[PDB]
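One line per chain: the protein sequences are A and A', in this order. A prime marks a further copy of an entry chain.
Take any residue in the first sequence, note its place counting from 1, add 115, and you have its number in the authors' numbering.
Take any residue in the second sequence, note its place counting from 1, add 115, and you have its number in the authors' numbering.
Every residue, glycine too, gets a C-beta built ideally from N, C-alpha and C.
2 protein chains.
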Amino acid sequence: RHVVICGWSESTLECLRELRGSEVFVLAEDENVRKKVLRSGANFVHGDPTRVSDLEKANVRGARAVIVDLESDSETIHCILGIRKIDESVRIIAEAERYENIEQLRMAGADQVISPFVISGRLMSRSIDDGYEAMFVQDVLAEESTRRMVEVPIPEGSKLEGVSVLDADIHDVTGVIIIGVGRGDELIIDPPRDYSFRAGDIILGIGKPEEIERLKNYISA
Amino acid sequence: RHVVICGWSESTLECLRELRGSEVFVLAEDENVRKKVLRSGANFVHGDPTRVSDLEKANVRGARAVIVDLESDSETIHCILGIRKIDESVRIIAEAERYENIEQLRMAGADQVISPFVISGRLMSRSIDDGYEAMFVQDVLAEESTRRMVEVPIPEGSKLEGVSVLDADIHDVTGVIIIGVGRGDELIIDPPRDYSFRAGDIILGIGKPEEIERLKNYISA
């Protein structure tokens, strides 16, 4: 139960924020960050996120998870090869750049890629006539709104346990847009109204925090 | 009716793809790209996307729109200052990095920012326990799926014209998740079931292309 980011980013300052769990460790070369990382509670460790020795000094060993935010795409792969050389077990999340790599990135031992490159390229390609698309993404995702995505754990013998998505009627009862259901690590985006909820599932929906609360209550034991 | 990107990116190769309109012009310093841009039909112009002279040689004048994909964040601002020095009229879309800048970026003359930085940082912060969130984004957005976002123009005196969102019941009829409505450049994410559709509105929803077709047909004149 401890988290490790390795590599600095203009979105670590942000990463580091809503990430205040038991322990957060940061590995970077650029000593310049020293002040910033600490000035946010979390822990700084100075070194090369590709050197094995260093990842170990970064307590990669046993980590709740490890996040790899690096300039180069090859650097990422290396780091990962070095990461699981220590832990065939830790969760790996990596931010990626090229598409051609994503696969390789994963084969290398990565669990989640992210490719915000590929994201932007399309958004803009798509946002020629109107940024309506962009706006949404800009809001739920770029944080410009309070409307956010959520995940909501269906708890042991909830009221919604054993209930069709039609019957559930989450949006009309609560006002959050149900968009997909997680179960045992496969998201079934846009689930059919004949899908029973199984206690242990995870509702991925989108909305505001009343809306989300209301959800939480509705699907409570 | 002509589009101009200025600046190269691993997501221009992708940008350039689904962007094959009347004319696409690309401005960059790195001559290395020459072959690639052309090997995709579009037009290459060699120069500095901050030099006024150059943007003009890049036909920034009169553009259907201009997309600014640049390494530095200051470079972007400059470019934009230089862009509208030629056209207080063109559409500006810019990919951004820092949050602190977004505002300034816009004040500078930008219409849509994009900040895929800030996006990733959160995703991963959020995708510690499960990438369920990430998966979705990875799919509709990172292009890993065929489930995509859409915009759908409500046409003159459609069947849905003058009809409540409740009554519409888009998802149950067509199977696409209605998530927000564009009208005169303000997206009303998650619209209330008491919202009448006004012919000229734009449905922002998410799904597969049958689903989308079906939508198109349903809201046809």
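| Asked | Found |
| --- | --- |
| Own chain, CB closer than 6 Å to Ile192 (chain A'), minus 5 neighbours either side, in chain order | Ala223 |
| Bridge partner(s) assigned by DSSP for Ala209 (chain A) | A:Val183 |
| Close beta carbons around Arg329 (chain A), own chain, < 6 Å, minus the five adjacent residues each side | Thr289 |
| Pick from A':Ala336, A':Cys194, A':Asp284, A':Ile292 that is closest to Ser311 (chain A'), judged by C-alpha positions | A':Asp284 |
| Cβ separation of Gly295 (chain A) and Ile304 (chain A), assumed to be a contact under 8 Å, to the nearest whole Å | 4 Å |
| is_contact[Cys194 (chain A), chain A'] using C-beta, thresh 8 Å | no |
| Closest Cα partner of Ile318 (chain A') within the set A':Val265, A':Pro231, A':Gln219, A':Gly197 | A':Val265 |
| At least 3 beta-carbon pairs within less than 8 Å: the segment 208 to 225 of chain A vs the segment 236 to 252 of chain A | no |
| Chain A within 8 Å of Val148 (chain A'), Cβ atoms only | no |
| Euclidean distance between Cα positions of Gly136 (chain A') and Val118 (chain A') | 8 Å |
| Buried versus exposed, by CB contacts within 10 Å (16 or more), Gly320 (chain A') | buried |
| 8 Å Cβ cutoff, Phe232 (chain A') in contact with chain A | yes |
| Boundaries of the alpha helix (DSSP H) in which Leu281 (chain A') is found, first to last residue | 280 to 283 |
| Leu256 (chain A) at chain A' interface by Cβ criterion, 8 Å | yes |
| Proximity of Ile234 (chain A') and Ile234 (chain A) at Cβ, strictly below 8 Å | yes |
| CA-to-CA distance, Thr165 (chain A) to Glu186 (chain A), given in whole angstroms | 12 Å |
| As assigned by DSSP and simplified to three states, the class of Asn158 (chain A) | strand |
| Residue environment, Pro231 (chain A), which counts as buried when at least 16 other CB atoms sit within 10 Å | buried |
| Assigned secondary structure, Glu326 (chain A) (DSSP; H/G/I helix, E/B strand, else coil) | helix |
| Segment contact flag, the segment 246 to 266 of chain A with the segment 245 to 256 of chain A', C-beta cutoff 8 Å, min 3 pairs | yes |
| C-beta neighbour in chain A for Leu220 (chain A'), strict 8 Å | no |
| For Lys331 (chain A') and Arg132 (chain A'), the rounded distance between their alpha carbons | 24 Å |
| Neighbouring residues, chain B, relative to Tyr247 (chain A) (Cβ below 7 Å) | Checking the listed chains, one finds no chain B in this structure; the protein chains it contains are A and A'. |
| Selected residue, minimal CA-CA separation from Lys172 (chain A), among A:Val141, A:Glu301, A:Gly297 | A:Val141 |
| Between the CA atoms of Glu218 (chain A') and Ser126 (chain A') - distance to the nearest angstrom | 24 Å |
| 8 Å Cβ cutoff met for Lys151 (chain A) and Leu134 (chain A) | no |
| Environment of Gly272 (chain A) [buried if 16+ CB atoms lie within 10 Å] | exposed |
| 7 Å CB neighbourhood of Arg116 (chain A') in its chain, flanking five on each side removed | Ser137, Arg179 |
| Beta strand (DSSP E) segments (min. 3 residues) lying fully within the segment 207 to 241 of chain A' | 207 to 209 |
| Environment of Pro307 (chain A') [buried if 16+ CB atoms lie within 10 Å] | exposed |
| For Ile198 (chain A), three-class secondary structure by DSSP | helix |
| Within chain A, the residues that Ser168 (chain A') reaches when beta carbons sit closer than 7 Å | Within chain A, no residue comes near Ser168 (chain A'); the closest Cβ sits about 25 Å away, beyond 7 Å. |
| Partner residues on chain A' for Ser126 (chain A), Cβ-Cβ distance less than 7 Å | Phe232, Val233, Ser235, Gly236 |
| Simplified DSSP assignment, three categories, for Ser311 (chain A') | strand |
| The segment 201 to 228 of chain A': positions lying closer than 8 Å to chain A by Cβ | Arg206, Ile208, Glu210, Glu212, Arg213, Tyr214, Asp226, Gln227, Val228 |
| Chain-ordered neighbours of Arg262 (chain A') on chain A, where CB pairs are closer than 9 Å | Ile304, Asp305 |
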